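Trainee: So I pulled this structure from the PDB, and the sequence comes with it:
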Amino acid sequence: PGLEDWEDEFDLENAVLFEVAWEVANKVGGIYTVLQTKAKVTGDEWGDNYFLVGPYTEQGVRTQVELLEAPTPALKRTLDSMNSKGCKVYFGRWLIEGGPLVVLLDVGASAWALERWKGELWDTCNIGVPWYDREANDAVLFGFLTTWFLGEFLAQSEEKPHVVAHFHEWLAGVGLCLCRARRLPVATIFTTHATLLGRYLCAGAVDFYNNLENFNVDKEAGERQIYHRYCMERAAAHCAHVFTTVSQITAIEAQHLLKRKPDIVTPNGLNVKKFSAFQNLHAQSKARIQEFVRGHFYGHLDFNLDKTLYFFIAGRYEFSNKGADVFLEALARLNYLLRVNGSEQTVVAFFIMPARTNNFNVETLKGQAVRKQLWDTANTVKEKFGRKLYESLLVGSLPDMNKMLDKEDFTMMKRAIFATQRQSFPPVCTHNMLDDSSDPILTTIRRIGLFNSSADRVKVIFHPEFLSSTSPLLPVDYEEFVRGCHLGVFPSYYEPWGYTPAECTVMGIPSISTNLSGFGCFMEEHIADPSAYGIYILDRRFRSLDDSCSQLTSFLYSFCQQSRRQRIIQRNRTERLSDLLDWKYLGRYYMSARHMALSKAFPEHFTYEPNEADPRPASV
Amino acid sequence: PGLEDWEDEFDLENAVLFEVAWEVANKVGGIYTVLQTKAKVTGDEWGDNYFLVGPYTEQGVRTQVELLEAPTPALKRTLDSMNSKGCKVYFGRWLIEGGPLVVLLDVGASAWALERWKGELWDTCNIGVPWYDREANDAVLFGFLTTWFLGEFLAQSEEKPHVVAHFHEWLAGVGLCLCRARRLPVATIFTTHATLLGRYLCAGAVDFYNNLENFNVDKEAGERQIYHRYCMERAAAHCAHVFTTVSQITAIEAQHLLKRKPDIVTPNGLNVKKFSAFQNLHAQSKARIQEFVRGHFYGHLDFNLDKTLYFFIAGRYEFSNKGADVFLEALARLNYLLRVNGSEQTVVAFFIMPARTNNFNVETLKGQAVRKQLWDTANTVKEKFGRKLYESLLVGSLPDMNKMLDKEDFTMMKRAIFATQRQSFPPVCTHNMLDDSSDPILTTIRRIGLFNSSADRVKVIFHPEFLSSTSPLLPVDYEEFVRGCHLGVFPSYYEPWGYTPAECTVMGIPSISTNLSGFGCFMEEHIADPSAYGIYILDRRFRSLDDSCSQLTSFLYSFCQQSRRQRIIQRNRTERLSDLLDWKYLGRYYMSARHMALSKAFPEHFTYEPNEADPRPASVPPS
Amino acid sequence: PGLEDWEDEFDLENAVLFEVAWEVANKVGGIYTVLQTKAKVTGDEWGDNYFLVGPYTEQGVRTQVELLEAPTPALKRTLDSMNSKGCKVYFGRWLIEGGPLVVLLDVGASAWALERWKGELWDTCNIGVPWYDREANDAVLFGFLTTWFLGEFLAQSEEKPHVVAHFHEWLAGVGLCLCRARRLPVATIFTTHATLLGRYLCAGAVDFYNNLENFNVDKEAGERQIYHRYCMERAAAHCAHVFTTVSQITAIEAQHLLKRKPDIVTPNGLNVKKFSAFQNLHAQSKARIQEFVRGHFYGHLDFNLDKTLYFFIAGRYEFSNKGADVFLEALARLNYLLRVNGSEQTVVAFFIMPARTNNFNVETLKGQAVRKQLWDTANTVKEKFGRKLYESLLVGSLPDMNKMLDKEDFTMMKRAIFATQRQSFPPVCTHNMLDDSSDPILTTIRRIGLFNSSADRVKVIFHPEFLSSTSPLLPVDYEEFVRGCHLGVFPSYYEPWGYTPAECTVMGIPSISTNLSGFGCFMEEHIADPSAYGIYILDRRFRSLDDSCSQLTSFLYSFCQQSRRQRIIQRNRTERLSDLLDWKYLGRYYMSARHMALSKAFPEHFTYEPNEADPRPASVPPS
């Protein structure tokens, strides 16, 4: 279909791309996966003129970096000069699927220059850094080292090429600022994955999205003691040839806080081939989830398990940002609706959000052991009965059904039956809270009245620990457990890009997102009638909290009212949607941004035609 | 072969057997398994005249007891009378493989009688019980209740049968004492599974087995504040028609401390059919143990794993009683011998003894993760290479071997090789000690110098936690792990009967025991040349500590010097040895003891012929 | 969705249904499966008032009939009377999923009445039967026996119920004719599964469907010496309260040859639950078909197997009726188109049509053996390489790729490469023809030029024998092999109802049918834009032969030009189509027909509202 070599045929000639980022070969957050996945297509486009510049860490170097020798004489001269001038620079390959060249700069070996460099910055942009930050100073050192490397690389080159530099956060924006200060012949791009003030303002300050025009960013930046970081990010965004954000909602947020509209929006992608390695995996995972809920709810298995539906929400334990409270309120409302209308449906909701626990509680392990004992006893009696049936049927006689069971069988089954006696109700949490009084999820569960009662049509299971294949009572990793659920609910409030909903959608699982997140906006823009494809977009930007809860309840109830055929058709449509999130399609925006930067910095040699052409027409 | 109905054809007629024990339907220790396993053959012999009398516990009743109603009018009358006289008695069926009838007595519902009953005992045997014991008072209540039940059962019977009562410890000996006091028409048997003073004297007092004739049992019993318990046990043993012990060494110990030679010795048995459900299982378990030691010793896999031998010792964390110190010293000596003689053998020893830990350490999990990563990478590259080879071979061309590996393969293998880098040596313990300074095993390991060095020919792994199938890094239970080891070393010092060595032998694993344990004495008595069958008996009774360590080192070195064929033949001989430990053969001694009791109590109706008749020696004789 | 209890709420009261057919408990053809599958829903609707009347055969009775006694006194009286009057009648259960009551009549025990009954028929309808038919006489005896049974059942009934009789062919039409002759109080239905003259006229006579109005059925019936059978069928159809056919094309054919338009059309259905037990099964079956074509085409595997498509046609070896010649011509045209346009696609077509063979030929077995040898050698070398890689990677060293292969590996691979040498081209037939000169499929293959050449983009494999799981070289049954194919081509010319295309569609496989068959007409009527759902209907009724071949070539080329995503979407739409062919929906037409018969025969007690309501508009293919 639409591949990289579609219409962007550009005269790259002698051009060098430097992918500057603080998080290459050094796992910290989420852009690490972005760069690691994008390296393959970037190297396919640029060949060997692609370098990733990052800080030097011992752990990362010994784990995933293979040190080599500089392949070009100019690079070797640059490395030798910088190493002899009082620095420490390493070169190698990043042991990832693309195998790109990596330049690693040790910021701990250049403290002596800090007192000088900190002055020079002030003599250039009137930006000062407090001595006690301990994280911005690393950014200053990294930026000065990157500018030094770029200048030396341009000086040592026999024929000077057109250099394109791409900085990825405020941690790397000082290098861009200094590149523009020294008037180096480079083309600068700046990408923001989340505006700095956004996460500060979402928590504490009220109505962040309804006061984007009433925010005096100087005041909030200064009062929170992050004024220098805000100035760094805004200066980096201001003096860049091309400015970019990873989502539309981030584009509005940056246009109102960084005072610059992005020239282009480049969404985050991923490699879908590895995820694709969908009904066989779904069936197996659903069977295992059925076994787990059989074990957990032992002694209370009075509801049909062929009419039960498995919802889930996953991610970091952010109660408001991940929208767990809205999910809980909607679950209570859906429980009331299911009880009132006299339905046979049951809904088991899972909350996989890490918290501060110690171990499992006794009830959960007890239930798993009870289920294992019953399964073993049933298999033993079944095998014995099958052998007896075969033997009695080989002689041409109908089995006397009142003698296939004997004394030890009845003993085993009586012990098994005695095992499943319980007077209490299943717990809503599978672990032991260290802060059970101050936990918000459990507090809301208690407030709204979901105690896994027999009359309740909605059961809730809160599983703090991450899902691991070696766990005693969920011996399965995250992906295979998710493949067996029916729906994923991510009603995010503050979310520049949703990695978890995108991963869920790639696996072929219907999902609920919002228009306050990057993934939700992307899917809303690229699909007509997304609900037919299994994506439910919750209008959370133009609605109140109660209206959002009501709409979520409507979505959940309408999902519960589908037939099995409708659910199958919806899940097939969701499955045929993964190619929209691959770097084979989402990597074209990066190409367009680089072309814009090249044409802006060197208009004599390059010219750009603003082709912004880049899908799912169905129903509506 | 030799079954129950071999020569003991006895006129059982109207006889009732009561198997009195404190530990029926109530799991506490090890005789629970003895009674649970023996119930099947006992019920086959006695039919429905077999009752197990024990205390009433809520947990046991709700877990494994099915309450029923009395099947005979006499039993119903007895139960109703006792329940209306101020007691609480339950009747039921024990949910085990035999399914025997159980009479459960609630000792907490008869505290009001204690002040009376405690007096009556003194008016009968001059035995007092201090009020602060809290465990002997339960024994007194249980004994009085059992005597009450037996008396009422005899009173309510229309035709009086011959009752045989079998008491199993000092906790149940008060009932026997009171049965003999009231001159009831019953035949009493007393079985001791361990003499009370033995475990007290083994720890603290020196040379327990070399001073059995120099012990003034009254003094040691009194000084340890267990004089009343000692008097209870000795009185129960004294006034019994038949006295029994579970082993020969226990027989000498009881003859010298209880002042009565046992009339018979009844060893403990087990059901071998369940254990038999052993070369395929051994191969699979050995492969998994190889994988575990590959993971643990990552970055130091410089020794041949086809020449490595897996020893182990298991049981409760008793450093001296289980003989771990002798094992450690012998391991150090064997390490010196293996290094000096320039051998290619390696010995990995396992110490599975529970201790007080919290979690695994980082190194062990790191090694398991490294092994998993290497296995996954190798399988990925292998599958890719196999697909490419098949494709290139279907077109009739030899594979160009320099192009089957491409960039992402080399990336995966380089990452794995980077992962397998380590500068330190593997740990000797897989957990985090809470008392690492005061641990005796680790202290001795440090003292003798076994740090899993590269030059060391003996590696040591101490795994405190019990082996469980759900463990993160040993996902295997005890039986299936043990089935893959080469030898089990149990040089026990004080051990009335060895359940772990017997279980190991039933599975077909060669083992080392001593003549200071019941299992070792049994195997020494029943086998000629036990070492040919894979049982090495250590002479620990007539030797010093250093001589025992030297003999153990000799045994280990001689085992290490066998060829593979010799080891296979030895393990095959060990496999044909499980039927010696089954209740189908070991249940005949109980029958003989019951016959002796019946003939002693009622000589008019029964007479006993002292037939103490009860195949091994060698196979193919080389010399 | 639409179940049986939807809108036909009818007052059955006391009514008895008799499902008369010559083929109950006696497997002959295809209506056996129809009755066996329909019995479940029919019994659910009618309970125990449902009887199947059929001939008595020893094999069927001993295999699938369980003899019982009459459950009602009237039935017992009827059976006793008929058995004492000179007949032989059996009663029992049919051992099928519904378990319906079966009445079996022995036509061989009533030859004495033939000379009488044959006369009586002439005294009623002026129909004579030649003595040498030997199949119509059985029909006459069966019809007279069925009428006798119905009359006796009505005579012996204490309260007379409303009896509904359903006859299913000309073999059972004499009973209906005699029921109407004797004016019995019964409601008759007649179902025709194929008109008798149709199969005679399709072969030999030209342009059968373009001369339906120019056929003097008396002349063709008389000239073919089947005049008596034709008169039997036409008389049965004429004097029936309700007349039915199994398809629309059969409805026109009967309206023009039997001179009576059907009152209703009842299509054949099946139980889809058993077939459903679709991508995992498809993937596995496609892998096995890939392995088979790898074995067959050894030494010529120069084409991409990830771009090959598997077509097939199955059924009885009727060259013209099953439309094999059109398929072959379209295959040749598609081969020319694929070669001219320089495509990378390959098409392997399968012809599974039984013929008269002896055994496999040498080349096919040779290829299977070669493939097995290559697979074994590759697996051996792969396992050895994986073990060496793991061992060399556990020590932290990159594998020296030039030493992972040694002498015996190269020996095995050289032997395999020598084994894969061939100079000739793969055969088009997997067996040894006994009539290779007179075979039409091979003659047409030779004429059109499909010799499995290297340049040919269409390979052809003709496999006469039925697919069996125990075959040496296709060890798989029909269903699993079909599940792996991409398309099924059934361009039938004469086909009253297509069991094979319907079975293929139930499994979820896109198919090509025609409007000259019952299944094709049904799917055309019930679906809007069937090609979006994977059903390609070929206009063969209003087109010539060459136009049909051109349209089939267009269909095949358009299928070959789809992307993988389009093929996946089409196959999903085909999968969501099986519920249209189930008896849960197709059983309602039988209910409507029975209601019409009851209302026509007994208008006083029953009345029928002519409700003929019984739909797949495309999902989202933007139009």
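Mentor: Yes, it's here. Residues are numbered from 1 along each chain as shown, chains lettered A, B, ... in the order given.
Trainee: C-alpha from now on. contacts and neighbour counts both.
Mentor: OK.
Trainee: Pull the residues that contact stretch A:541-551.
Mentor: Stretch A:541-551 is contacted from outside by A:209, A:326, A:327, A:329, A:330, A:515, A:516, A:538, A:539, A:540, using C-alpha atoms under 8 Å, 6 or more residues apart in numbering or on different chains.
Trainee: Quick check: buried residues in that stretch?
Mentor: Neighbour-count burial for stretch A:541-551, counted by 16 or more other C-alpha atoms under 10 Å in any protein chain shown, picks out A:548, A:549, A:550, A:551.
Trainee: Among the contacts of stretch A:541-551, which ones are in strands?
Mentor: residue A:538 (DSSP state E).
Trainee: could the buried residues of stretch A:541-551 be laid out in JSON lines, adding distance to residue A:181?
Mentor: Formatted as JSON lines, the buried residues of stretch A:541-551 follow (distance: C-alpha to C-alpha, whole Å):
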{"residue": "A:548", "distance to residue A:181": "48"}
{"residue": "A:549", "distance to residue A:181": "51"}
{"residue": "A:550", "distance to residue A:181": "53"}
{"residue": "A:551", "distance to residue A:181": "51"}
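Trainee: In terms of distance to chain C, which of those residues ranks first?
Mentor: Of all the buried residues of stretch A:541-551, residue A:551 has the smallest distance to chain C: 26.1 Å, by C-alpha to the nearest C-alpha.
Trainee: does that closest one sit in a helix, a strand or a coil?
Mentor: Under DSSP: H, G, I helix; E, B strand; the rest coil, the three-state class of residue A:551 is helix.
Trainee: In contact with residue A:163, which residues?
Mentor: By C-alpha under 8 Å, 6+ apart, the neighbours of residue A:163 are A:15, A:16, A:17, A:18, A:185, A:186, A:187.
Trainee: among these, which are in strands?
Mentor: Counting by DSSP E, those place A:15, A:16, A:17, A:18, A:186, A:187 in strands.
Trainee: If any of the residues you listed are buried, give me the ChimeraX selection for them.
Mentor: Burial among the ones in strands among the contacts of residue A:163 is assessed by 16+ other C-alpha under 10 Å; the matching ChimeraX selection reads:
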select /A:16,17,18,186,187
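Trainee: Looking at the ones in strands among the contacts of residue A:163, spot the one nearest residue A:303.
Mentor: Proximity of the ones in strands among the contacts of residue A:163 to residue A:303 (C-alpha to C-alpha) peaks at residue A:18, which lies at 59.8 Å.
Trainee: Go ahead and confirm the closest one touches residue A:53.
Mentor: Yes. The criterion here is C-alpha atoms under 8 Å, and residue A:18 meets it with residue A:53 at 6.8 Å.
Trainee: three-state assignment of the residue in chain A that chain C sits nearest to?
Mentor: The minimum distance from chain A to chain C, using C-alpha to the nearest C-alpha, falls at residue A:618 (5.2 Å). Classification of residue A:618 using three-state DSSP returns coil.
Trainee: same deal with residue A:52?
Mentor: The local conformation at residue A:52, judged by three-state DSSP, is strand.
Trainee: Let me see the contact set for the residue nearest to residue A:50 when sequence neighbours are not counted.
Mentor: Spatial nearest neighbour of residue A:50, excluding adjacent residues (C-alpha to C-alpha, 6 or more residues apart in numbering or on different chains): residue A:17 at 4.9 Å. Contact analysis of residue A:17 by C-alpha under 8 Å, 6+ apart lists A:46, A:49, A:50, A:51, A:163, A:164, A:165, A:166.
Trainee: Now residue A:531. Nearest residue, chain neighbours left out?
Mentor: The shortest distance from residue A:531 to any non-neighbouring residue, by C-alpha to C-alpha, 6+ apart, is to residue A:537 (7.7 Å).
Trainee: So that neighbour sits against residue A:516, correct?
Mentor: No. With contact defined as C-alpha under 8 Å, residue A:537 and residue A:516 do not form a contacting pair (9.5 Å).
Trainee: ok and the residue in the stretch 301-450 of chain A nearest chain B?
Mentor: Proximity of the stretch 301-450 of chain A to chain B (C-alpha to the nearest C-alpha) peaks at residue A:411, 5.6 Å away.
Trainee: beta partners of residue A:167?
Mentor: Beta-bridge partners for residue A:167, by DSSP bridges, are residue A:20, residue A:190.
Trainee: residue contacts, it?
Mentor: A:19, A:20, A:21, A:173, A:175, A:176, A:188, A:189, A:190, A:191 are the contacts of residue A:167 under C-alpha under 8 Å, 6+ apart.
Trainee: Repeat the analysis, applying 10 Å as the threshold.
Mentor: A:18-22, A:53, A:143, A:173-176, A:188-192, A:236, A:240, A:243 (C-alpha atoms under 10 Å, 6 or more residues apart in numbering or on different chains).
Trainee: Since that was my last question, I'll sign off now.
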